[PDB]
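Structure record follows, encoded as structure tokens.
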Amino acid sequence: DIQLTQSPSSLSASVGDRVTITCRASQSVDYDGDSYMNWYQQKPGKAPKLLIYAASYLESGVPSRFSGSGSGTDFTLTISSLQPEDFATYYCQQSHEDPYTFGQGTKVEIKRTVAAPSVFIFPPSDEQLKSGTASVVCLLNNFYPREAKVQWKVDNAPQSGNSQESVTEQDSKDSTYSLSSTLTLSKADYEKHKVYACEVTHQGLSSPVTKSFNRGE
Amino acid sequence: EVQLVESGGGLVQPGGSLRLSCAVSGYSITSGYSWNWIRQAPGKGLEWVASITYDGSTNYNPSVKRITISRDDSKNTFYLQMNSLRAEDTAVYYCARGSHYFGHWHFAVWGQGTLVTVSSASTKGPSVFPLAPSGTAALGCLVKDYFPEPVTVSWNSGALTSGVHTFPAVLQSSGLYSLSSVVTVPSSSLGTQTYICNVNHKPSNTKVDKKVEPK
């Protein structure tokens, strides 16, 4: 059985630069003068999209900046000039033997300049308070790089164990990320405190940024 | 041109059966060399599982070979059946067309993919709460306590897509999912322009339209 090893696992490159991905097969995929290796692009939430077939043939409708090369067991996918919309996971796939296995994938990220996040804080809706639970949401918007820290404070007391975070994929419009943090409290505990703060630490901030609101205002 | 529409996904029970269908439009199913099913576990890679050729010949991945693929030229549709479903079968299933030239097993035409969740838990509809705003303003919707995945969120019936951020869902300790979708709009438009988030949860036939108003 043919096994594929993609390399690297992930990379970060500036926009417009050249990107090179490699795929290594456990045995040869050459037959009848052709190399049965294919390349795919898969963007977040979308189906895989064929880029290269038979090692080096460009699929119709695919931008010319994608190209493939190689033979036997070693193959190469090249993006001559990385564009913001090329953020995706790229797969190689051999079409020589059942079960036509895919590589494990290579994550390509665009490395842009540092961007500080825009912080927004939302109080729980009065409709949710009828259920006995309060959800305070803090939004970190359009920042780079991906690393960021959120620290909840209820009446200046730092919180722990009662929040969950979620980060989006890189946005091709911006090459930035966004983060959503939800603090979960009971209605009784929410009604017993005044100041709800969201402290944000990021590389693009000389000092930590703190957004807050007063309950009942 | 050629469009591949999948159906039959959603919540299925362990040990039960799965029956997916891939409807082909703008294209006769007899014109493709082969039709394939390819699945992708959440956070994992791609795995080809089945194929059927124009001559009726079928083939399967030996890692799953409790699987049946069929083809109905009259209905212009091919199917995928799987029984003895396990937890490993939870994946996004794609249908893809084979090839005529330069090999037959590279796939250029794909379906949209449907998520199959193998679980004995019960389907639960979400509660949609607004994230009201206080240059640029931010607002959103909090989709909370639903099962299983997925939930599709749009803003103003799809008219508003720029600056929209629908975050990945989080698995809460209660065993239910919860996500939020936010959007950045100009602050001068909060009084004139309305903002309705459209939350759709197909496994529970839940479709909620909540209007986010400034408090």
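What follows draws every value from the coordinates through simple rules; no lab data is involved. Every residue, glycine as well, gets a Cβ built from its backbone with ideal geometry; the counts of neighbours run over all protein chains shown.
Table for the structure above
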read-out	value
Virtual spin-label span in nm between residue A:59 and residue B:41, 7 Å along Cα→Cβ	2.5
Hz values of 3J(HN,Hα) by residue in region A:211-217 - Karplus curve (6.51, -1.76, 1.60), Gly and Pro given as x	9, 8, 8, 9, 4, x, 8
Rounded to 5, the percent of DSSP beta bridges in the protein assembly as shown classed as antiparallel	95
Spin-label model distance (nm) - residue A:32 vs residue B:72, 7 Å beyond Cα toward Cβ	3.4
Residue-averaged [θ]222 nm for chain A, counting only DSSP H segments that reach four residues, each worth -39500 (n - 2.57)	-500 deg cm²/dmol
For A:98-106, mean number of other protein chain Cβ atoms within 10 Å	6
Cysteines not pairable in chain A (beta carbon separation under 4.7 Å absent)	none
Value of Rg to Rh for region B:3-118 (Rh from inverse mean 1/r over Cα pairs, i.e. Kirkwood)	0.94
Least to most buried among A:85, A:169, A:109 (fewest other Cβ within 10 Å first)	A:85, A:169, A:109
Prolate/oblate/rounded call for chain B, Cα gyration tensor, a/c under 1.5 rounded	prolate
Cβ-Cβ FRET estimate between residue B:87 and residue A:114, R0 fixed at 60 Å, reported to 0.05	0.90
Space enclosed by the convex hull of the alpha-carbon atoms of chain A, per residue, Å³	160
Cα extents of region B:48-101 along the three principal axes, largest first (Å)	34, 26, 19
Per-residue HN-Hα couplings for region B:49-60 [Karplus 6.51, -1.76, 1.60; θ = phi - 60°; Hz; x = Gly/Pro]	10, 7, 7, 9, 8, 5, 8, x, 6, 10, 8, 9
At 0.890 mPa s and 25 °C, Stokes D of the protein assembly as shown from Kirkwood alpha-carbon radius, µm² per second	103
Candidate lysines for bridging to residue B:211, where Cα separation is under 20 Å - those fewer than 8 sequence places away on the same chain excluded	A:130, B:144
Approximate spin-label separation residue A:217-residue B:102, in nm, with each point projected 7 Å along Cα-to-Cβ	6.6
Pairwise centroid distance, computed over Cα atoms, of region A:78-129 with region B:19-49, Å	23
Over 24 Å [Cα-Cα, region A:25-122], rounded percent	30
Of every Cα-Cα pair in region A:108-217, the percent that sits beyond 21 Å	38
Cut-off 16 Å, label 7 Å out along Cα→Cβ of residue A:186, residues of region A:111-146 by amide N	A:129-135
Modelled FRET efficiency - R0 45 Å, residue A:207 with residue B:207, Cβ distances, 0.05 increments	0.50
